[PDB]
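Taking it in order: structure first as structure tokens, then the write-up.
All Cβ positions, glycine included, derive from the backbone under ideal geometry; neighbour counts span all protein chains shown. Numbers and lists here come from the model and the stated rules, or from a named source; no laboratory read-out is quoted.
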Amino acid sequence: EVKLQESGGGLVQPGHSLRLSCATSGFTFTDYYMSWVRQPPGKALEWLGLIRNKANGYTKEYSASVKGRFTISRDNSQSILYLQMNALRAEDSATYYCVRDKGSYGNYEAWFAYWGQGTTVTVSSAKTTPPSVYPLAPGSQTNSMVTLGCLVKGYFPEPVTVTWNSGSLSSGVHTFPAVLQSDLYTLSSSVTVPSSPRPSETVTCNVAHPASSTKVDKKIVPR
Amino acid sequence: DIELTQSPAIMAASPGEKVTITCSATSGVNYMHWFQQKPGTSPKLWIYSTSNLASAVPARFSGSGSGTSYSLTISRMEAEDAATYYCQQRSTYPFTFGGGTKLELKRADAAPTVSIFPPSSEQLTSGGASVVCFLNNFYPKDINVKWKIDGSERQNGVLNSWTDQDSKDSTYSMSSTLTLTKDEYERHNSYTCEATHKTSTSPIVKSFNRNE
Ligand SMILES: Cc1ncc(COP(=O)(O)O)c(CN[C@@H](C)C(=O)O)c1O
């Protein structure tokens, strides 16, 4: 299974330096080019550049938008790809994708087919604060589909992990995209389980803040 | 810089309805390439080398064009096809990506499922107090919310948050949050969440009664 994994993402002070990583597996690295792409929250994709393969000298191409500031490289020892980011601006805040580019063969049916999940990068001095998680409990059990919620307030930066019953509750989950307010984010998590699961089976909301390293489970109390 | 324009920016089609899209460029390219992006995921190759369908791509899908004007067609719309599509070129460095088109699918209208929840203990015990309210699974998106407290609605401190078409039901949801001082909330008793949709001539609402 051709696997690509980007790490490095986190928050970064403006004008500072950020190094983006990306592990690889299931293919012969040195044989394949590797672009770098990014997407800013709610927008279009932006090609940043690739790096050729062994037979093409590992020569780096970039995007004028980012030329002189960003250098792409790779450790050929353990098949990883990098992205050096300098003089970072808020407008570099995004999520960054390593993609397997063209290769030493003709599988161009491939080439730009395998992407990673992308890593999110937020350019700002702005302070890091974990969230406060609270259970959205209704009031006056009715409705065959009773809906409960999770209020994840006061954290920074993004993202945060939210799933239900240690990921057991995938169905009927509604996590919203954060809203930035006062240099602060907030979102909710709604789930619609029947009375049978709750409040009987017990429903948990496991929240996480990778940045502020804040992992917490809010026992959704019946009330 | 071969800059690529896609039109339209947005569009909602009905199933079986015909669809054409374009990564249109300031300069000639040799090939148009296309991707499809569906919420929370990385793009997937869709059409390559202008016309060669990608892995797991339906034959209702075709790609074409020439020089400065290229196209992506959906012969007859299908619910699975909805996503954001990005054209573009690997002709001249630097490779550039199209402006995107955000293709949503047309389905049966559905009244939003409104819910309201009072300030939990913990937050309120934390010194805070704010009242959440989901407006789950509706169509179409276009929906306005309006809080109310003791009769007066609520402009200030109201931050809303939509999603895009769910993959599993093709609908939309919204999440207005009314935040207020711990001390303040106790100056009112009935907070009501009001929903405005084409599914209801009247503004469907929900609400509780503050109590101690
Ligand atoms: C993924 C991809 N990588 C690399 C290149 C060019 O590599 P070199 O500069 O190192 O030779 C192309 C040219 N794309 C052509 C086939 C086109 O987009 O029409 C390409 O699509």
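Numbers below:
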read-out: Complete set of residues in the range A:48-73 that are within 13 Å of the ligand (Cβ to nearest atom) and touching a helix residue (DSSP H, G or I) at 6+ places or on another chain (Cβ under 9 Å); value: A:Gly49, A:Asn53, A:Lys54, A:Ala55, A:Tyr58
read-out: Matching residues in the range B:120-163 - criterion: being touching a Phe, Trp or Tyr at 6+ places or on another chain (Cβ under 7 Å), within 14 Å of chain A (Cβ to nearest Cβ) and assigned to a strand (DSSP E or B); value: B:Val131, B:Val132, B:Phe138, B:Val158
read-out: Odd one out for A:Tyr114, checked against (1) surrounded by 19 or more Cβ atoms within 10 Å (Cβ to Cβ); (2) more than 16 Å from the ligand (Cβ to nearest atom); value: (2)
read-out: Residues within the range B:90-120 that are farther than 21 Å from B:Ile10 by Cβ, away from the ligand (no atom under 14 Å from the Cβ) and surrounded by fewer than 17 Cβ atoms within 10 Å (Cβ to Cβ), tallied; value: 1
read-out: Residue within the range A:83-93 that is crowded, with 20+ Cβ neighbours inside 10 Å, within 16 Å of the ligand (Cβ to nearest atom) and under 23 Å from the mean Cα position of the chain (by Cα) present; value: no
read-out: Qualifying position, being in a strand (DSSP E or B), assigned by CATH to the domain that holds B:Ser14 and more than 28 Å from B:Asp169 (Cβ to Cβ), among B:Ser91, B:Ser71; value: B:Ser71
read-out: Odd one out for B:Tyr48 among (1) within 16 Å of the ligand (Cβ to nearest atom); (2) among the hydroxyl-bearing types (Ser, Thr, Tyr); (3) surrounded by fewer than 20 Cβ atoms within 10 Å (Cβ to Cβ); value: (3)
read-out: Considering residues of the range A:50-79 that are aliphatic (A, V, I, L, M) and surrounded by fewer than 20 Cβ atoms within 10 Å (Cβ to Cβ) only, the residue nearest to the other protein chains (Cβ to nearest Cβ); value: A:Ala64
read-out: Selection count where residues are away from chain B (no Cβ under 14 Å), among the polar types (S, T, N, Q) and either touching a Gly at 6+ places or on another chain (Cβ under 7 Å) or in a strand (DSSP E or B) (or both), scope the range A:9-49; value: 3
read-out: Residue match in the range B:18-36 (condition: under 22 Å from A:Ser35 (Cα atoms), away from the ligand (no atom under 14 Å from the Cβ), surrounded by 13 or more Cβ atoms within 10 Å (Cβ to Cβ) and among the polar types (S, T, N, Q)); value: yes
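Yes/no matrix, rows are residues, columns are (1) touching an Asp or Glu at 6+ places or on another chain (Cβ under 6 Å); (2) under 21 Å from B:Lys38 (Cβ atoms); (3) within 12 Å of chain B (Cβ to nearest Cβ); (4) not in a loop (DSSP other than H, G, I, E, B):
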{"position": "A:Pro135", "(1), (2), (3), (4)": "no, no, yes, yes"}
{"position": "A:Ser140", "(1), (2), (3), (4)": "no, no, yes, no"}
{"position": "A:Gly149", "(1), (2), (3), (4)": "no, no, yes, yes"}
{"position": "A:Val152", "(1), (2), (3), (4)": "no, no, yes, yes"}
{"position": "A:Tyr155", "(1), (2), (3), (4)": "no, no, no, yes"}
{"position": "A:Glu158", "(1), (2), (3), (4)": "no, yes, no, no"}
{"position": "A:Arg198", "(1), (2), (3), (4)": "no, no, no, yes"}
{"position": "A:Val207", "(1), (2), (3), (4)": "no, no, no, yes"}
{"position": "A:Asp217", "(1), (2), (3), (4)": "no, no, no, yes"}
